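Here is the file structure-v6.cif (mmCIF, N, CA and C atoms and all ligand atoms).
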data_coords
#
loop_
_atom_site.label_atom_id
_atom_site.label_comp_id
_atom_site.auth_asym_id
_atom_site.auth_seq_id
_atom_site.Cartn_x
_atom_site.Cartn_y
_atom_site.Cartn_z
N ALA A 1 -0.31 -22.09 -4.15
CA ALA A 1 -0.66 -20.85 -4.84
C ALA A 1 0.45 -19.82 -4.69
N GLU A 2 0.44 -18.80 -5.55
CA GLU A 2 1.42 -17.72 -5.43
C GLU A 2 1.06 -16.80 -4.27
N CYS A 3 2.07 -16.23 -3.63
CA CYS A 3 1.85 -15.38 -2.47
C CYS A 3 2.64 -14.08 -2.58
N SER A 4 2.76 -13.58 -3.80
CA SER A 4 3.37 -12.28 -4.05
C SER A 4 2.72 -11.61 -5.26
N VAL A 5 2.89 -10.30 -5.35
CA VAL A 5 2.37 -9.55 -6.48
C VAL A 5 3.33 -8.39 -6.74
N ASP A 6 3.53 -8.08 -8.01
CA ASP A 6 4.33 -6.92 -8.42
C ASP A 6 3.39 -5.76 -8.74
N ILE A 7 3.66 -4.60 -8.14
CA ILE A 7 2.85 -3.41 -8.34
C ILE A 7 3.70 -2.21 -8.73
N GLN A 8 3.23 -1.44 -9.71
CA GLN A 8 3.84 -0.16 -10.01
C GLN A 8 2.79 0.75 -10.64
N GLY A 9 3.05 2.05 -10.62
CA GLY A 9 2.16 3.00 -11.25
C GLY A 9 2.32 2.92 -12.76
N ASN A 10 1.35 3.45 -13.50
CA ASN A 10 1.45 3.50 -14.96
C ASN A 10 1.96 4.86 -15.40
N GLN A 14 -2.09 6.11 -10.98
CA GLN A 14 -2.79 4.84 -11.20
C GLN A 14 -1.86 3.62 -11.00
N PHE A 15 -2.28 2.67 -10.17
CA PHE A 15 -1.55 1.42 -10.03
C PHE A 15 -1.76 0.55 -11.27
N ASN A 16 -0.84 -0.39 -11.52
CA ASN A 16 -0.97 -1.29 -12.67
C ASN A 16 -2.05 -2.35 -12.46
N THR A 17 -2.59 -2.41 -11.25
CA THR A 17 -3.76 -3.22 -10.94
C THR A 17 -4.62 -2.46 -9.92
N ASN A 18 -5.93 -2.68 -9.95
CA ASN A 18 -6.81 -2.07 -8.96
C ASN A 18 -7.48 -3.11 -8.08
N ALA A 19 -7.00 -4.35 -8.15
CA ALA A 19 -7.57 -5.43 -7.37
C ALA A 19 -6.52 -6.50 -7.13
N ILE A 20 -6.21 -6.73 -5.85
CA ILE A 20 -5.28 -7.78 -5.46
C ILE A 20 -6.05 -8.87 -4.76
N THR A 21 -5.78 -10.12 -5.13
CA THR A 21 -6.38 -11.23 -4.42
C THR A 21 -5.26 -11.96 -3.71
N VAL A 22 -5.46 -12.21 -2.42
CA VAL A 22 -4.51 -13.03 -1.66
C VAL A 22 -5.14 -14.41 -1.48
N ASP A 23 -4.44 -15.46 -1.90
CA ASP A 23 -4.95 -16.81 -1.69
C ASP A 23 -4.94 -17.17 -0.21
N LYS A 24 -6.05 -17.72 0.25
CA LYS A 24 -6.25 -17.97 1.68
C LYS A 24 -5.32 -19.04 2.25
N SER A 25 -4.58 -19.73 1.39
CA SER A 25 -3.61 -20.71 1.88
C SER A 25 -2.23 -20.10 2.11
N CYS A 26 -2.03 -18.87 1.64
CA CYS A 26 -0.79 -18.17 1.92
C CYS A 26 -0.68 -17.87 3.41
N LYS A 27 0.50 -18.12 3.98
CA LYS A 27 0.78 -17.75 5.37
C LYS A 27 1.34 -16.33 5.45
N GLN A 28 2.14 -15.97 4.45
CA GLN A 28 2.57 -14.59 4.28
C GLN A 28 2.29 -14.15 2.85
N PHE A 29 2.25 -12.84 2.65
CA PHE A 29 2.03 -12.27 1.33
C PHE A 29 3.02 -11.13 1.12
N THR A 30 3.57 -11.05 -0.09
CA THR A 30 4.57 -10.02 -0.41
C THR A 30 4.14 -9.11 -1.55
N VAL A 31 4.27 -7.80 -1.34
CA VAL A 31 4.02 -6.83 -2.38
C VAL A 31 5.33 -6.20 -2.79
N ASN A 32 5.64 -6.25 -4.08
CA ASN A 32 6.86 -5.62 -4.58
C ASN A 32 6.52 -4.37 -5.37
N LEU A 33 6.85 -3.21 -4.81
CA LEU A 33 6.52 -1.93 -5.42
C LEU A 33 7.72 -1.36 -6.16
N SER A 34 7.50 -0.83 -7.35
CA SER A 34 8.59 -0.15 -8.04
C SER A 34 8.11 1.21 -8.51
N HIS A 35 9.06 2.10 -8.75
CA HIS A 35 8.75 3.48 -9.12
C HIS A 35 9.03 3.68 -10.60
N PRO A 36 7.99 4.02 -11.36
CA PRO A 36 8.04 4.12 -12.82
C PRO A 36 8.80 5.34 -13.33
N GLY A 37 8.80 6.43 -12.56
CA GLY A 37 9.14 7.73 -13.10
C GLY A 37 10.57 8.20 -12.93
N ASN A 38 10.78 9.49 -13.15
CA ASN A 38 12.12 10.05 -13.08
C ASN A 38 12.29 11.11 -11.98
N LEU A 39 11.29 11.25 -11.11
CA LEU A 39 11.35 12.25 -10.05
C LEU A 39 11.69 11.65 -8.68
N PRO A 40 12.42 12.40 -7.84
CA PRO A 40 12.77 11.91 -6.50
C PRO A 40 11.55 11.85 -5.58
N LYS A 41 11.69 11.17 -4.44
CA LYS A 41 10.53 10.88 -3.61
C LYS A 41 9.97 12.11 -2.89
N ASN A 42 10.79 13.15 -2.69
CA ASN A 42 10.31 14.38 -2.07
C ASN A 42 9.41 15.15 -3.03
N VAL A 43 9.68 14.98 -4.32
CA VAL A 43 8.93 15.69 -5.35
C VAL A 43 7.70 14.90 -5.75
N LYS A 44 7.88 13.60 -6.02
CA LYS A 44 6.76 12.74 -6.36
C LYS A 44 7.04 11.29 -5.96
N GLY A 45 6.81 10.97 -4.70
CA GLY A 45 7.10 9.64 -4.19
C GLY A 45 5.88 8.74 -4.21
N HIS A 46 6.09 7.45 -3.97
CA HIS A 46 4.98 6.52 -3.93
C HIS A 46 5.18 5.51 -2.82
N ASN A 47 4.07 5.07 -2.24
CA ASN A 47 4.13 3.92 -1.35
C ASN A 47 2.92 3.04 -1.58
N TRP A 48 2.92 1.90 -0.91
CA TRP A 48 1.79 0.97 -0.96
C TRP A 48 1.38 0.73 0.48
N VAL A 49 0.14 1.09 0.80
CA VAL A 49 -0.36 1.06 2.18
C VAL A 49 -1.68 0.30 2.22
N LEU A 50 -1.81 -0.61 3.18
CA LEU A 50 -2.99 -1.46 3.30
C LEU A 50 -3.74 -1.15 4.58
N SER A 51 -5.06 -1.05 4.47
CA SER A 51 -5.93 -0.87 5.62
C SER A 51 -7.31 -1.42 5.29
N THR A 52 -8.19 -1.46 6.28
CA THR A 52 -9.59 -1.77 5.99
C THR A 52 -10.15 -0.65 5.13
N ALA A 53 -11.20 -0.95 4.37
CA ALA A 53 -11.87 0.06 3.56
C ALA A 53 -12.31 1.25 4.43
N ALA A 54 -12.86 0.95 5.60
CA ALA A 54 -13.35 2.00 6.50
C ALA A 54 -12.24 2.92 7.00
N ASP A 55 -11.04 2.37 7.18
CA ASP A 55 -9.94 3.13 7.75
C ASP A 55 -9.13 3.94 6.74
N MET A 56 -9.35 3.71 5.45
CA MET A 56 -8.49 4.31 4.43
C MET A 56 -8.45 5.84 4.49
N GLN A 57 -9.62 6.47 4.52
CA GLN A 57 -9.67 7.92 4.49
C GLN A 57 -8.91 8.53 5.66
N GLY A 58 -9.05 7.92 6.84
CA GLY A 58 -8.33 8.38 8.03
C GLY A 58 -6.83 8.22 7.91
N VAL A 59 -6.40 7.07 7.39
CA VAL A 59 -4.98 6.84 7.17
C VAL A 59 -4.41 7.85 6.16
N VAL A 60 -5.15 8.09 5.08
CA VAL A 60 -4.69 9.01 4.04
C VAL A 60 -4.62 10.46 4.55
N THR A 61 -5.68 10.89 5.23
CA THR A 61 -5.76 12.27 5.71
C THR A 61 -4.72 12.54 6.80
N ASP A 62 -4.60 11.63 7.77
CA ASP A 62 -3.60 11.79 8.83
C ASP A 62 -2.18 11.66 8.29
N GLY A 63 -2.01 10.80 7.29
CA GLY A 63 -0.74 10.63 6.63
C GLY A 63 -0.26 11.89 5.95
N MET A 64 -1.15 12.57 5.24
CA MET A 64 -0.77 13.81 4.58
C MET A 64 -0.30 14.81 5.62
N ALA A 65 -1.02 14.88 6.73
CA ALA A 65 -0.70 15.83 7.80
C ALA A 65 0.66 15.56 8.42
N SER A 66 1.08 14.30 8.43
CA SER A 66 2.32 13.93 9.09
C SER A 66 3.57 14.27 8.27
N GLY A 67 3.41 14.38 6.96
CA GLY A 67 4.47 14.89 6.11
C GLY A 67 5.56 13.95 5.64
N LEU A 68 6.43 14.48 4.78
CA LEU A 68 7.46 13.70 4.12
C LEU A 68 8.43 12.99 5.07
N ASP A 69 8.75 13.64 6.18
CA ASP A 69 9.71 13.07 7.13
C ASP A 69 9.19 11.78 7.74
N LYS A 70 7.87 11.63 7.74
CA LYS A 70 7.21 10.47 8.33
C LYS A 70 6.72 9.50 7.26
N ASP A 71 7.22 9.67 6.04
CA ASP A 71 6.76 8.87 4.89
C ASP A 71 5.26 8.99 4.65
N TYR A 72 4.70 10.14 5.02
CA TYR A 72 3.26 10.42 4.88
C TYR A 72 2.39 9.35 5.54
N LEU A 73 2.83 8.91 6.72
CA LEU A 73 2.01 8.08 7.61
C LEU A 73 2.06 8.64 9.02
N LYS A 74 0.91 8.66 9.69
CA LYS A 74 0.91 9.04 11.10
C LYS A 74 1.71 8.03 11.89
N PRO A 75 2.62 8.51 12.75
CA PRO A 75 3.34 7.54 13.59
C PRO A 75 2.42 6.67 14.42
N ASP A 76 2.77 5.39 14.51
CA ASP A 76 2.08 4.45 15.38
C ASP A 76 0.61 4.31 14.99
N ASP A 77 0.34 4.43 13.69
CA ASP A 77 -1.01 4.27 13.19
C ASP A 77 -1.40 2.78 13.16
N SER A 78 -2.23 2.37 14.11
CA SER A 78 -2.63 0.97 14.24
C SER A 78 -3.58 0.53 13.13
N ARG A 79 -4.06 1.49 12.35
CA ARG A 79 -4.97 1.18 11.25
C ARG A 79 -4.21 0.62 10.05
N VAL A 80 -2.91 0.88 10.01
CA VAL A 80 -2.11 0.39 8.90
C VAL A 80 -1.76 -1.08 9.10
N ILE A 81 -2.28 -1.92 8.21
CA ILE A 81 -2.07 -3.36 8.33
C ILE A 81 -0.67 -3.72 7.85
N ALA A 82 -0.24 -3.08 6.76
CA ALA A 82 1.08 -3.29 6.20
C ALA A 82 1.38 -2.16 5.24
N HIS A 83 2.66 -1.90 4.98
CA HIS A 83 3.00 -0.87 4.00
C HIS A 83 4.45 -0.97 3.56
N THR A 84 4.73 -0.47 2.36
CA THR A 84 6.11 -0.22 1.94
C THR A 84 6.56 1.13 2.43
N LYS A 85 7.86 1.39 2.33
CA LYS A 85 8.35 2.74 2.55
C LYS A 85 8.00 3.59 1.33
N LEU A 86 8.16 4.90 1.47
CA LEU A 86 7.99 5.83 0.36
C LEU A 86 9.21 5.77 -0.54
N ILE A 87 8.99 5.61 -1.84
CA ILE A 87 10.11 5.47 -2.77
C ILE A 87 10.07 6.51 -3.88
N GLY A 88 11.25 6.79 -4.44
CA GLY A 88 11.38 7.72 -5.55
C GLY A 88 11.90 7.03 -6.79
N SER A 89 12.20 7.81 -7.82
CA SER A 89 12.69 7.29 -9.09
C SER A 89 13.87 6.34 -8.94
N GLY A 90 13.77 5.18 -9.58
CA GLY A 90 14.86 4.22 -9.61
C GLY A 90 14.89 3.31 -8.40
N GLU A 91 13.97 3.51 -7.47
CA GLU A 91 13.96 2.69 -6.26
C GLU A 91 12.83 1.67 -6.28
N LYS A 92 12.97 0.68 -5.41
CA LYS A 92 11.93 -0.30 -5.22
C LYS A 92 11.88 -0.65 -3.75
N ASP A 93 10.72 -1.12 -3.29
CA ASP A 93 10.63 -1.62 -1.92
C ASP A 93 9.62 -2.75 -1.89
N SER A 94 9.87 -3.73 -1.01
CA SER A 94 8.96 -4.85 -0.82
C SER A 94 8.47 -4.88 0.62
N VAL A 95 7.22 -5.29 0.81
CA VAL A 95 6.71 -5.56 2.14
C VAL A 95 6.13 -6.98 2.20
N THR A 96 6.48 -7.70 3.25
CA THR A 96 5.91 -9.02 3.50
C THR A 96 5.12 -8.92 4.80
N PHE A 97 3.90 -9.45 4.82
CA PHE A 97 3.09 -9.41 6.03
C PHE A 97 2.36 -10.74 6.26
N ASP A 98 1.96 -10.97 7.50
CA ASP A 98 1.27 -12.20 7.87
C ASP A 98 -0.17 -12.17 7.40
N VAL A 99 -0.59 -13.24 6.73
CA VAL A 99 -1.95 -13.32 6.21
C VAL A 99 -2.95 -13.50 7.36
N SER A 100 -2.44 -13.86 8.54
CA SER A 100 -3.30 -13.92 9.72
C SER A 100 -3.91 -12.55 10.07
N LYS A 101 -3.34 -11.47 9.52
CA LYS A 101 -3.89 -10.14 9.72
C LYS A 101 -5.14 -9.86 8.87
N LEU A 102 -5.39 -10.73 7.89
CA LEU A 102 -6.52 -10.58 6.97
C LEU A 102 -7.60 -11.61 7.25
N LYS A 103 -8.84 -11.28 6.92
CA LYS A 103 -9.93 -12.22 7.13
C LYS A 103 -10.80 -12.28 5.89
N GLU A 104 -11.23 -13.49 5.52
CA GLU A 104 -12.19 -13.64 4.44
C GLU A 104 -13.43 -12.81 4.74
N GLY A 105 -14.01 -12.22 3.71
CA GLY A 105 -15.25 -11.48 3.86
C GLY A 105 -15.07 -10.02 4.21
N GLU A 106 -13.92 -9.66 4.75
CA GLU A 106 -13.67 -8.27 5.10
C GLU A 106 -13.19 -7.50 3.88
N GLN A 107 -13.47 -6.20 3.86
CA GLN A 107 -13.06 -5.35 2.75
C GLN A 107 -11.80 -4.56 3.08
N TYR A 108 -10.77 -4.71 2.26
CA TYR A 108 -9.52 -3.97 2.43
C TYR A 108 -9.23 -3.10 1.23
N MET A 109 -8.49 -2.02 1.46
CA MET A 109 -8.05 -1.13 0.39
C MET A 109 -6.54 -0.98 0.45
N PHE A 110 -5.89 -0.91 -0.71
CA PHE A 110 -4.50 -0.49 -0.75
C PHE A 110 -4.44 0.85 -1.48
N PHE A 111 -3.44 1.65 -1.16
CA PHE A 111 -3.38 3.01 -1.66
C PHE A 111 -2.02 3.64 -1.38
N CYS A 112 -1.75 4.73 -2.08
CA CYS A 112 -0.56 5.52 -1.85
C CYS A 112 -0.98 6.71 -1.00
N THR A 113 -0.18 7.07 0.00
CA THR A 113 -0.50 8.22 0.85
C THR A 113 0.29 9.48 0.52
N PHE A 114 1.11 9.46 -0.53
CA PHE A 114 1.72 10.73 -0.97
C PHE A 114 0.58 11.70 -1.31
N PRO A 115 0.72 12.99 -0.94
CA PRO A 115 -0.43 13.90 -1.09
C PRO A 115 -1.10 13.85 -2.46
N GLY A 116 -2.40 13.56 -2.43
CA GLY A 116 -3.24 13.60 -3.61
C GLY A 116 -3.29 12.32 -4.42
N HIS A 117 -2.34 11.42 -4.18
CA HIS A 117 -2.23 10.24 -5.04
C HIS A 117 -3.36 9.24 -4.86
N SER A 118 -4.02 9.22 -3.70
CA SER A 118 -4.94 8.13 -3.40
C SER A 118 -6.23 8.18 -4.20
N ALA A 119 -6.48 9.30 -4.86
CA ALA A 119 -7.66 9.42 -5.72
C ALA A 119 -7.57 8.43 -6.87
N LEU A 120 -6.35 8.25 -7.38
CA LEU A 120 -6.13 7.37 -8.52
C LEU A 120 -5.36 6.10 -8.13
N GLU A 121 -4.40 6.25 -7.22
CA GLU A 121 -3.59 5.11 -6.79
C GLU A 121 -4.25 4.39 -5.63
N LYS A 122 -5.18 3.51 -5.97
CA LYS A 122 -5.89 2.75 -4.96
C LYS A 122 -6.53 1.54 -5.59
N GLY A 123 -6.89 0.58 -4.75
CA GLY A 123 -7.50 -0.64 -5.23
C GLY A 123 -7.99 -1.48 -4.07
N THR A 124 -8.70 -2.55 -4.39
CA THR A 124 -9.19 -3.45 -3.35
C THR A 124 -8.23 -4.61 -3.15
N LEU A 125 -8.17 -5.09 -1.91
CA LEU A 125 -7.49 -6.34 -1.62
C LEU A 125 -8.45 -7.29 -0.93
N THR A 126 -8.43 -8.54 -1.38
CA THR A 126 -9.38 -9.53 -0.91
C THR A 126 -8.68 -10.82 -0.60
N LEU A 127 -9.03 -11.43 0.53
CA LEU A 127 -8.54 -12.77 0.87
C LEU A 127 -9.56 -13.81 0.41
N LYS A 128 -9.14 -14.75 -0.44
CA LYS A 128 -10.08 -15.71 -1.04
C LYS A 128 -9.48 -17.10 -1.22
CU CU B 1 0.94 -21.76 -2.65
CU CU B 2 1.54 -22.07 -0.81
CU CU B 3 1.94 7.72 -5.09
#
In structure tokens, how does this file's structure come out?
Ligand SMILES: [Cu+2]
Ligand SMILES: [Cu+2]
Ligand SMILES: [Cu+2]
Amino acid sequence: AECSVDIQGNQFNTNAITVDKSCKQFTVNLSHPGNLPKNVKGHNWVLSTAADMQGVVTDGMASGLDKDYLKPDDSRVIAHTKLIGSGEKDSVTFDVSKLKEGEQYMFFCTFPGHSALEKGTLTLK
């Protein structure tokens, strides 16, 4: 099965990612659609459990641009890309051993305000 997915904003281009349970690693390739720099309007892709999302997003906003809008040493973050701006791309590869069938995961952007629209479910199946 395939073990990668391409994601970009148009809102993400998908609101549901499925990871095949035979994948040992999974890769997300994020690209930035727009013409603004990352300090003005950046994007990232961040994965956590559904329950942990709000905490990751809220603490991330508080931590600010210098920290890529993530709280340092946030153990709730399962995987993430860096924050990117216009013309940039970033990929993250993570171990599928971090995911479990039946559990609910969310992916989202933690740039301030983006997670209302830039979010989706991730499922291991
Ligand atoms: Cu395969
Ligand atoms: Cu395979
Ligand atoms: Cu964003």
Contact table chain A vs ligand CU 2 (chain B), cut-off 10 Å, shortest pair per residue, only C-alpha atoms and all ligand atoms, as JSON lines:
{"residue": "A:1", "atom": "CA", "partner": "B:CU2", "partner_atom": "CU", "distance": 4.8}
{"residue": "A:2", "atom": "CA", "partner": "B:CU2", "partner_atom": "CU", "distance": 6.3}
{"residue": "A:3", "atom": "CA", "partner": "B:CU2", "partner_atom": "CU", "distance": 6.9}
{"residue": "A:23", "atom": "CA", "partner": "B:CU2", "partner_atom": "CU", "distance": 8.4}
{"residue": "A:24", "atom": "CA", "partner": "B:CU2", "partner_atom": "CU", "distance": 9.1}
{"residue": "A:25", "atom": "CA", "partner": "B:CU2", "partner_atom": "CU", "distance": 6.0}
{"residue": "A:26", "atom": "CA", "partner": "B:CU2", "partner_atom": "CU", "distance": 5.3}
{"residue": "A:27", "atom": "CA", "partner": "B:CU2", "partner_atom": "CU", "distance": 7.6}
{"residue": "A:28", "atom": "CA", "partner": "B:CU2", "partner_atom": "CU", "distance": 9.1}
Distance of CA of residue 18 in chain A from CA of residue 108 in chain A, expressed in Å to one decimal place = 11.9 Å
message = As a quick test: using only N, CA and C atoms and all ligand atoms, which residues lie no more than 6.5 Å away from ligand CU 3 (chain B)? Give them as JSON, numbers by chain.
response = {"A": [44, 45, 46, 47, 112, 113, 114, 117, 118, 121]}
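Using only N, CA and C atoms, the protein and nucleic acid residues lying at most 6.5 Å from the point (6.2, 2.0, -5.0) are residues 7, 8, 9, 32, 33, 34, 35, 46, 47, 48, 87, 92 and 93 of chain A.
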inquiry  = Please list as a list in words every residue within 7 Å of range 63-74 of chain A, counting all atoms listed in the file and excluding residues in the same chain fewer than 4 positions away.
reply    = residues 42, 58, 59, 85, 86, 113, 114 and 115 of chain A
Those selected residues, please, written with N, CA and C atoms and delivered as a short mmCIF file (atom, residue, chain, number, x, y, z; two decimals), in the frame of the given file.
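As a result, result.cif now contains:
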data_model
loop_
_atom_site.label_atom_id
_atom_site.label_comp_id
_atom_site.auth_asym_id
_atom_site.auth_seq_id
_atom_site.Cartn_x
_atom_site.Cartn_y
_atom_site.Cartn_z
N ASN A 42 10.79 13.15 -2.69
CA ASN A 42 10.31 14.38 -2.07
C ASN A 42 9.41 15.15 -3.03
N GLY A 58 -9.05 7.92 6.84
CA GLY A 58 -8.33 8.38 8.03
C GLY A 58 -6.83 8.22 7.91
N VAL A 59 -6.40 7.07 7.39
CA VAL A 59 -4.98 6.84 7.17
C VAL A 59 -4.41 7.85 6.16
N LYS A 85 7.86 1.39 2.33
CA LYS A 85 8.35 2.74 2.55
C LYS A 85 8.00 3.59 1.33
N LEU A 86 8.16 4.90 1.47
CA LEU A 86 7.99 5.83 0.36
C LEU A 86 9.21 5.77 -0.54
N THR A 113 -0.18 7.07 0.00
CA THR A 113 -0.50 8.22 0.85
C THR A 113 0.29 9.48 0.52
N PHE A 114 1.11 9.46 -0.53
CA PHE A 114 1.72 10.73 -0.97
C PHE A 114 0.58 11.70 -1.31
N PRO A 115 0.72 12.99 -0.94
CA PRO A 115 -0.43 13.90 -1.09
C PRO A 115 -1.10 13.85 -2.46
#
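Minimum atom-to-atom distances from A:5, A:43, A:99, A:20 to residue 124 in chain A were compared using only N, CA and C atoms, and the lowest value belongs to A:20.
Considering the residues A:4, A:51, A:16, A:78 and counting only N, CA and C atoms, residue 111 in chain A has its shortest atom-to-atom contact with A:51.
Take the candidates A:6, A:19, A:127, A:31 and check each one against residue 96 in chain A using only C-alpha atoms; the shortest distance goes to A:31.
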request  = as a PyMOL selection string, list the residues of range 21-118 of chain A assigned to alpha helix (DSSP H) by DSSP on the backbone atoms of this structure.
outcome  = chain A and resi 41-44+56-66
ask   = DSSP says strand (DSSP E or B) for which residues of range 1-126 of chain A? Put them as a PyMOL selection string?
value = chain A and resi 4-9+15+19-22+28-34+46+49-52+82-83+87+92-98+108-111+122-126
Separation of CA of residue 62 in chain A from CA of residue 79 in chain A, in Å and rounded to one decimal = 11.0 Å
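Atom pair atom C of residue 106 in chain A / atom C of residue 52 in chain A has a distance of 7.6 Å (rounded to one decimal).
With distances taken over only C-alpha atoms, A:50 is the one residue among A:39, A:50, A:119, A:22 lying closest to residue 95 in chain A.
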